[PDB]
Amino acid sequence: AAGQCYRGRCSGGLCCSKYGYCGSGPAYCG
(Lines give C-alpha, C1' and ligand atoms only; values in the text may rest on other atoms or scores of the structure.)
Protein backbone atom coordinates (compact mmCIF):
# COMPACT_ATOMS: atom_id res chain seq x y z
CA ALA A 1 0.00 0.00 0.00
CA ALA A 2 2.32 2.73 1.28
CA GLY A 3 3.40 2.67 4.91
CA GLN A 4 3.30 5.11 7.82
CA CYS A 5 6.36 7.14 8.81
CA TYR A 6 8.17 6.31 12.05
CA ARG A 7 8.74 9.20 14.46
CA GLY A 8 8.90 11.50 11.44
CA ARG A 9 11.33 9.20 9.64
CA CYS A 10 10.92 6.71 6.79
CA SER A 11 13.16 3.87 5.63
CA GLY A 12 14.40 3.04 2.14
CA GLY A 13 15.51 6.65 1.89
CA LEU A 14 11.87 7.48 1.18
CA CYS A 15 10.11 10.72 2.09
CA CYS A 16 7.29 11.39 4.56
CA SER A 17 4.04 12.63 3.02
CA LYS A 18 1.67 15.19 4.53
CA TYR A 19 -0.57 12.24 5.41
CA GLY A 20 2.12 10.54 7.46
CA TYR A 21 2.67 8.00 4.69
CA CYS A 22 6.07 7.29 3.14
CA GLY A 23 6.63 7.55 -0.60
CA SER A 24 8.31 9.48 -3.40
CA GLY A 25 7.69 12.41 -5.73
CA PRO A 26 7.70 16.18 -5.16
CA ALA A 27 4.50 15.84 -3.14
CA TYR A 28 6.41 13.63 -0.70
CA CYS A 29 9.93 15.07 -0.68
CA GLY A 30 8.89 18.62 -1.50
# chains A, B, ... in the order shown; residues from 1 in each chain; ligands from 1
call {"tool": "residues_around", "arguments": {"residues": "region 2-6 of chain A", "least_positions_apart": "3", "cutoff": "9 Å", "atoms": "only C-alpha atoms", "output": "list in words"}}
result
residues 9, 10, 11, 15, 16, 17, 19, 20, 21, 22 and 23 of chain A
call {"tool": "select_by_dssp", "arguments": {"residues": "chain A", "states": "strand (DSSP E)", "output": "ChimeraX atom specification"}}
result
/A:15-16,22-23
call {"tool": "select_by_dssp", "arguments": {"residues": "chain A", "states": "alpha helix (DSSP H)", "output": "mmCIF file with N, CA and C atoms, in the first residue's frame"}}
result
data_model
loop_
_atom_site.group_PDB
_atom_site.id
_atom_site.type_symbol
_atom_site.label_atom_id
_atom_site.label_comp_id
_atom_site.auth_asym_id
_atom_site.auth_seq_id
_atom_site.Cartn_x
_atom_site.Cartn_y
_atom_site.Cartn_z
ATOM 1 N N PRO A 26 7.521 14.848 -5.726
ATOM 2 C CA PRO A 26 7.697 16.177 -5.164
ATOM 3 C C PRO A 26 6.673 16.444 -4.059
ATOM 4 N N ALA A 27 5.570 15.706 -4.124
ATOM 5 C CA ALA A 27 4.501 15.840 -3.141
ATOM 6 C C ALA A 27 4.840 15.093 -1.856
ATOM 7 N N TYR A 28 5.970 14.395 -1.864
ATOM 8 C CA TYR A 28 6.406 13.633 -0.699
ATOM 9 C C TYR A 28 7.725 14.174 -0.156
ATOM 10 N N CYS A 29 8.627 14.533 -1.064
ATOM 11 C CA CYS A 29 9.928 15.066 -0.680
ATOM 12 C C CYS A 29 9.908 16.592 -0.664
#
